[PDB]
Each structure stands twice: as C-alpha cells, then as structure tokens.
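Asks:
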Amino acid sequence: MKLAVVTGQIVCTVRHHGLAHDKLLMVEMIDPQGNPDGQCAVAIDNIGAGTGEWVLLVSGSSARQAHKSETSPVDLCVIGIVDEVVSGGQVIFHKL
Amino acid sequence: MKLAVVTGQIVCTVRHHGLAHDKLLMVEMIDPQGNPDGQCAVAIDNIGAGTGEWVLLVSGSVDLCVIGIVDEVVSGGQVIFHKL
Amino acid sequence: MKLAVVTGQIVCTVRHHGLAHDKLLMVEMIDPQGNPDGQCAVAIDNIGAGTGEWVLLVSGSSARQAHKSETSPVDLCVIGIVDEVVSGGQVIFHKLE
Amino acid sequence: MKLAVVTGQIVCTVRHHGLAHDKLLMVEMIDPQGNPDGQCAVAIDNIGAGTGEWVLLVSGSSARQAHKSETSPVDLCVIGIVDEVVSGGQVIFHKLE
Amino acid sequence: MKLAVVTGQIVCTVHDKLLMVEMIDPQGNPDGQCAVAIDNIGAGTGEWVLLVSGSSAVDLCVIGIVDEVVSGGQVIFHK
Amino acid sequence: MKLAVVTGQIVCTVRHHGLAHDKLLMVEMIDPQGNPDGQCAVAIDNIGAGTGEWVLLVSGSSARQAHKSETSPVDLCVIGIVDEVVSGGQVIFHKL
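Structural data, given as structure tokens:
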C-alpha cells in the first residue's frame, strides 16, 4: 500500500478487454513529507480519481482483486481517494 | 515483524469496500536503539492505534499491517520504551 | 503498469507451449519525461503491437493472468496500445506527433 | 532459515488474537562468523527462547505454519534454539556459553 | 522476460536439467551476469534463450530458444 | 532454485517437531562460477550433504513441499548435490 498523486492519464483505444472501460492514470509516488518524488507508473482506476488528487495504490494480486477479480490484467490499482493527511497534529494535505 | 511509531493518519471516505472500516496510518520504523529512524511507510490498522503510539507491523495483505499495540520494549537488559 | 516503446521482436520456433503463437516483443521503458530509458525487456504480445508503438505493460502474476491463466510462462505482457499520454497538464505523447 | 540472537522482549496487551499468549521476541541476525548483523526484527516465540540465546528463525508463509498454521499473521517464527554452530571446520558458538 | 546465452550445465544425479546462463544486454552482448535456470525445453550450450522470472508451475526458467532478434530494423542475432 | 556451498552445521536439540530429525546446515549463496553472493543462511537437509559440497536449494512454500509436507516449518531446502558444473566442456566443479 502506497500513497501517490494523479499527474495525468493514458488513452489506449486498443486495449485488453479485461480492462472494461476503467480509466488508466499516470501516478507519482509521494515522499513522507507529502511531496512528489520520481516513482511514476500507471494504475487502473474505477472510483473516479481526478488529476491532482492524492490516492492509495495497491499492487500485485491485491490489485487484481481490488479491481474486479483474480482475472483483472493489472498490477497497480487505486483503492481510495485521500481527503486529507495529518502528521504532527497538523494537516499536511487536504482535498480542495 | 517490525516496530513502528504512529506519525500520522490518512483519511479516505471514498475507498474499496474490501478495506472496511480499517484506518490508514503513517508509520515510522524504530531502530534497535529505540529511536524512530527515517524509513517511513503506510500501514493498515483495524485495532485502533493512536498518534504517537508504538505498534507491531507485519507483511500481509496493502503490505504493512498492525497486529499489536506496544506497551513496552526491553533490549539488552534496558527498557528502551514504555507506554505512558 | 508502465509505458514502453517497441524496439523490435524475438523469434522462438521452439518455445514453451503456454505461449501459443503470440509474438515476443522487445520493449524499452519510458521515463516521465516521455523519453525511453535504457531499461529493456521482452514482452509477450497478442494485441498486434508493432515496432515504434507505445504500449502499456503489466508484469508478475498479473502478467500471466493478462496473457491467459496462471500457467502462462510470462512475466511481462502488453495489455494495451497507447494513443496519447497526458501528464502534468501537458501532452507528452500522441499517436500522431 | 537464519540464525539470530534474542536481544529482548516486547509486550502487547492489545494484540491480534492469532498471536495468542505467545511471546514477542526482539532479534538481531548473525553473520556466517558469529558477529550479530545490523539487520533486526521481531519474531514470535512458542518454544521458549530466553534473552541472549541463539535461535533459528523461519520467515514468510512458512513462519505461519511454524507458529500454528495459515491462520496466524506472523512472518517470523522461532523454530529452534541453537545448541552449537560449526562453520568452516570451526566451532563459532556453543550453547554452554 | 529477458535474453540470455547458455554458457554451462549443472548435473545432479543424487529429466529437467539446470543450465548456466549469462544475460544479454539490449545491444546483443552478454552483460557478464551469470545465473542458474531450469530447462525443460532442451537448450544446449551456446544457444540464446528466453528466460522468464518467478516461473512457478522456480526463479529463472527457459521458455524459448532464440532463432533471431531484431532491434532498430537491424538483425542483431540469428541462429 | 539457487546454488550454494555447505559452509558448516547447526545443532538444535530443542527444535520444532515438524523439522523431523534432519540436519541443519550452513549454506552460502554462490553463482555457477563459485563466486559467493555474500548472502548466507541455514537450510534443512534430508539428503546427505557434507561440509564443502555444492548443493541446489529451494526456498519459499516450495521448500516445505520439498521437505515433507505443508506442515513443515521451513523456508530453505536442499534438493540435490551437484556432481559437476561444466562450461564449454570445462569442469568448473566436480563432486568428490
């Protein structure tokens, strides 16, 4: 389970049918201080995550299930949309 | 397993139903000396661990999961940690 | 998943059966700058991806499932042909130019 | 498996029921020559490893089996107390120490 | 998956054999990294092979013998 | 499967029953060239390998099966003793 931000989206008209019509998002991992580093990958989305919002990514089989089932052709899937993050009793990130 | 301190939280109202009511926690690992190092991470919690508390982490599944809350730790004959 | 470019292909007349007759493509990863890295690998393709095309790759267990089942002898599979990539609010890649 | 020495204990009043009344042990790994590695961790115990003793540890899914079965959430279990170690024709450790 | 060249064999009498292989870079030359790989296809020494990781049914497993490889519209290898 | 060298032996009088009565030996991961990877560990052995001999190890859930059954508390199991290692007709290693 890792936190990251949505930096964009990929469009693949010809793609694996097991993908249905869910969106393909460009994601970038976030460091402990709430800042985008370099780790960039593509994750499937079905909860309606937009560009600029922070999310929770899952990988491996945990991703396939979190997507649709054990058939899902994915290794990285967004399982949540972060509303906010708190550290030293001080909110570092809020969804505005 | 591994020891960690709860540095923060992550609120997710919208999330996969398979996550249930478990909370998402920002944790920081503890070196064998009893001091939070720098390797941070996200852990899943369904026990109810507060901020500043010490917990026990295990790799499950969603990779880090809290299976206990730490009351105290004893190392080479010394008490390096004890819950207030 | 991760983006990559098709730099070529591989031919194996003698190969594991779980691969069927699918094509074996040479692929090089793409960094966030829209530039191909030096990271290269071979992926199984049954979508019809050609050389020069940008593709989305899945790996590990999910790669097997994407190709067929848990018996598929692969750890990299093309699950889509890329038309455009938008990142940071700007278009970094498009089928045209 | 891996060798390691017990450097202490951990007490958890609120813990996963799977752990049961088992002891939580703080352990440091040992190199192939006797010196305690830098790597460290916590492992569950069911045999009765005391502080300072050398133990053998199992990790992953096997640790679960070792503890009880695939019902427990442990990833590091003690499967034996080291009576003696002999590496390269030399005794680098003996319980009677 | 990844390209490699068979450079040895491991025997264990104490069917499926173990091969000694060396990885190939995207250029066509072995990078120098040597590893073990299970082979049930029947690959011999000197033959280029296709290796797949996490091959259960352990780590490295042969799944194809290579006849040819094309990169930038250039044949870099041919049986 | 990984190659290793038996660099020693461990004795555990008070051990886990599942471990049967098999010997516990020290092994150091090496490449098919003899070069050690620096990684060392202890594996279970029901075959009959001795100090100095090269062996083929198996880890993970496979180790349990290779040992006796699923109820086996092991993660590293020796499956064979290398009789020799050739390379273009040259014997890099030969069993005594």
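Chains as they are written, first to last, in PDB author numbering: chain D, 1 to 96; chain C, 1 to 61, 74 to 96; chain E, 1 to 97; chain B, 1 to 97; chain F, 1 to 14, 21 to 63, 74 to 95; chain A, 1 to 96. Beta carbons are placed, not taken as given, at the ideal position from N, Cα and C, and that holds for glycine.
Taking C-beta to C-beta, are C:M26 and C:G52 nearer than 8 Å?
Replies: As a working mapping, residue 26 of chain C is identified with position 26 in the second sequence. As a working mapping, residue 52 of chain C is identified with position 52 in the second sequence. It is not a contact, given that the beta carbons lie outside the stated cut-off.
Asks: Compile a chain-ordered list of the residues in the region 8-30 of chain C whose CB is closer than 9 Å to at least one CB of chain D.
Replies: Per Cβ criterion, the list reads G8, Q9, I10, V11, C12, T13, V14, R15, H16, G18, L19, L24, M26 and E28.
Asks: For the beta strand (DSSP E) that E:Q9 lies in, which residues bound it at each end?
Replies: Within the third sequence, residue 9 of chain E is the residue found at index 9, counting from 1. Counting along the chain, the beta strand (DSSP E) containing E:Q9 begins and ends at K2 to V11.
Asks: For the beta strand (DSSP E) containing A:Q65, list its first residue and its last residue.
Replies: Position 65 of the sixth sequence, counting from 1, holds the residue named residue 65 of chain A. Run containing A:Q65: none in the beta strand (DSSP E); it sits in the alpha helix (DSSP H), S61 to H67.
Asks: Can you tell me where the beta strand (DSSP E) with B:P36 in it begins and where it stops?
Replies: Counted from its first residue, the fourth sequence places residue 36 of chain B at position 36. It spans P36 to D45 - the beta strand (DSSP E) in which B:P36 sits, taken as one unbroken run.
Asks: Within its chain, find whatever has a CB closer than 7 Å to the CB of A:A43; leave out the 5 residues flanking it on each side and keep chain order.
Replies: The residue given as residue 43 of chain A occupies position 43 in the sixth sequence. So the qualifying residues of the chain are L25, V27, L57, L76, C77 and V78.
Asks: Note down, in chain order, every chain F residue with its Cβ under 7 Å from the Cβ of A:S87.
Replies: Stepping through the sixth sequence from its first residue, residue 87 of chain A is reached at position 87. Correct list: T7, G8 and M26.
Asks: Please report the straight-line C-alpha distance between D:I10 and D:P73, rounded to a whole angstrom.
Replies: Against the first sequence, residue 10 of chain D aligns to sequence position 10. Against the first sequence, residue 73 of chain D aligns to sequence position 73. Each residue's alpha carbon lies about 16 Å from the other.
Asks: What is the rounded straight-line gap between the Cα of A:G48 and the Cα of A:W54?
Replies: For this step, residue 48 of chain A is matched to residue 48 along the sixth sequence. For this step, residue 54 of chain A is matched to residue 54 along the sixth sequence. For A:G48 and A:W54, the distance between alpha carbons rounds to 12 Å.
Asks: Does E:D22 pass the burial test, meaning 16 or more other C-beta atoms within 10 Å, or should it be called exposed?
Replies: By 1-based counting over the third sequence, the position of residue 22 of chain E is 22. Classification of E:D22: buried, given that the 10 Å Cβ count is 16 or more.
Asks: Counting only beta-carbon separations shorter than 8 Å, does C:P36 have a partner in chain B?
Replies: In the second sequence, residue 36 of chain C corresponds to position 36, counting from 1. No - not a single Cβ of chain B is within 8 Å of the one on C:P36.
Asks: Kindly indicate which residue of C:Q33, C:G34, C:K95 and C:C40 has the alpha-carbon position closest to the one of D:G34.
Replies: Locating residue 34 of chain D in the first sequence gives position 34, where the first residue counts as 1. Comparing Cα-Cα distances from D:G34 to each of C:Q33, C:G34, C:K95 and C:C40, the minimum goes to C:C40.
Asks: For A:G50, which residues in the same chain have their Cβ closer than 8 Å to its Cβ, ignoring the five residues on either side in sequence?
Replies: The count along the sixth sequence starts at 1 and reaches residue 50 of chain A at position 50. So the qualifying residues of the chain are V6.
Asks: Would you tell me roughly how many angstroms separate the C-alpha atoms of B:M29 and E:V86, rounded to the nearest one?
Replies: Start at 1 with the first residue of the fourth sequence, and residue 29 of chain B comes out as number 29. Start at 1 with the first residue of the third sequence, and residue 86 of chain E comes out as number 86. Going from the Cα of B:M29 to the Cα of E:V86 covers about 47 Å.
Asks: Using the Cα positions of E:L3 and E:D83, report the straight-line distance between them to the nearest angstrom.
Replies: As a working note, residue 3 of chain E is residue 3 in the third sequence. As a working note, residue 83 of chain E is residue 83 in the third sequence. E:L3 and E:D83: Cα-Cα distance of roughly 11 Å.
Asks: Alpha carbon to alpha carbon, what distance is there between E:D37 and D:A66?
Replies: Translated into positions along the first sequence, residue 66 of chain D becomes position 66. Translated into positions along the third sequence, residue 37 of chain E becomes position 37. Each residue's alpha carbon lies about 30 Å from the other.
Asks: Measure the C-alpha to C-alpha separation of B:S69 and A:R64 and round it to an integer number of angstroms.
Replies: If you number the fourth sequence from 1, residue 69 of chain B lands on position 69. If you number the sixth sequence from 1, residue 64 of chain A lands on position 64. Each residue's Cα considered, the two are about 13 Å apart.
Asks: Which bits of chain D does E:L56 rub up against, with CB to CB less than 8 Å?
Replies: Here residue 56 of chain E refers to the residue found at position 56 when the third sequence is read from its first residue. The contacting residues are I10, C12, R15, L24 and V42.
Asks: Check D:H94 in the structure and name its three-state DSSP category.
Replies: Position 94 of the first sequence, counting from 1, holds the residue named residue 94 of chain D. Correct three-state label for D:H94: strand.
Asks: Which same chain residues end up closer than 8 Å to E:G80 when comparing Cβ atoms and leaving out the 5 residues on each side of it in sequence?
Replies: Translated into positions along the third sequence, residue 80 of chain E becomes position 80. Here the set comprises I47, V55 and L56.
Asks: Which residue marks the beginning of the beta strand (DSSP E) containing D:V27, and which one marks its end?
Replies: To locate residue 27 of chain D, count along the first sequence from 1; it is residue 27. That run of the beta strand (DSSP E) goes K23 to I30.
Asks: For F:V14 and B:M1, what's the separation of their Cα atoms in angstroms?
Replies: As a first step, residue 14 of chain F is located in the fifth sequence; it is residue number 14 there, counting from the start. As a first step, residue 1 of chain B is located in the fourth sequence; it is residue number 1 there, counting from the start. The straight-line gap from Cα to Cα measures roughly 23 Å.
Asks: Near B:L19, what residues of its chain come up, given a Cβ to Cβ distance below 6 Å and the 5 sequence neighbours on each side ignored?
Replies: As a working mapping, residue 19 of chain B is identified with position 19 in the fourth sequence. The answer is none, since no qualifying residue turns up.
Asks: Tell me which residue opens and which closes the beta strand (DSSP E) that D:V85 is part of.
Replies: Position 85 of the first sequence, counted from the first residue, corresponds to residue 85 of chain D. Start and end: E84 to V86.
Asks: By DSSP's criteria, B:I81 is part of a beta bridge. Which residues make up the other side?
Replies: Position 81 of the fourth sequence holds residue 81 of chain B. Note: B:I81 sits in a beta bridge opposite B:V55.
Asks: Take the Cβ of D:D45 as the centre, count every other Cβ of all protein chains shown within 10 Å, and call the residue buried at 16 or more, exposed below.
Replies: In the first sequence, residue 45 of chain D corresponds to position 45, counting from 1. Classification of D:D45: buried, given that the 10 Å Cβ count is 16 or more.
Asks: Using C-beta distances below 8 Å, list every residue in its chain close to D:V91, excluding the 5 sequence neighbours before and after it, in chain order.
Replies: Against the first sequence, residue 91 of chain D aligns to sequence position 91. Only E84 and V85 meet the Cβ criterion.
Asks: Taking C-alpha atoms, which residue in D:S62, D:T71 and D:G89 lies nearest to C:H16?
Replies: For the purposes of this step, residue 16 of chain C is taken as residue 16 along the second sequence, with counting starting at 1. Measuring from the Cα of C:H16, the nearest candidate turns out to be D:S62.
Asks: Can you tell me the Cα-Cα spacing of E:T71 and E:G60, whole angstroms?
Replies: Taking the third sequence and counting its residues from 1, the one referred to as residue 71 of chain E is at position 71. Taking the third sequence and counting its residues from 1, the one referred to as residue 60 of chain E is at position 60. Taking the straight line from one Cα to the other gives about 12 Å.
Asks: Per DSSP, which one or two residues make a beta bridge with C:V74?
Replies: Along the second sequence, read from residue 1 onward, the residue named residue 74 of chain C stands at position 62. DSSP lists no partner for C:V74.
Asks: Taking 8 Å as the CB-CB limit, is C:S59 close to chain D?
Replies: Mapped onto the second sequence, residue 59 of chain C falls at position 59. For C:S59, the answer is no, since every Cβ of chain D falls outside 8 Å of its Cβ.
Asks: Could you compute how far the alpha carbon of D:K95 sits from the alpha carbon of C:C12?
Replies: Taking the first sequence and counting its residues from 1, one reaches residue 95 of chain D at position 95. Taking the second sequence and counting its residues from 1, one reaches residue 12 of chain C at position 12. Using only the alpha carbons, I get a separation of about 11 Å.
Asks: Near F:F93, what residues of its chain come up, given a Cβ to Cβ distance below 8 Å and the 5 sequence neighbours on each side ignored?
Replies: Taking the fifth sequence and counting its residues from 1, the one referred to as residue 93 of chain F is at position 77. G34, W54, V82, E84 and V85.
Asks: E:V78 touches chain F at which residues, Cβ-Cβ below 9 Å?
Replies: Taking the third sequence and counting its residues from 1, one reaches residue 78 of chain E at position 78. Result: empty, since nearest Cβ-Cβ is about 12 Å, beyond 9 Å.
Asks: Could you work out which residues of chain F lie near E:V74, taking near to mean beta carbons separated by less than 8 Å?
Replies: The residue you call residue 74 of chain E lines up with position 74 of the third sequence. Those within 8 Å of E:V74 in chain F are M1, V58 and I79.
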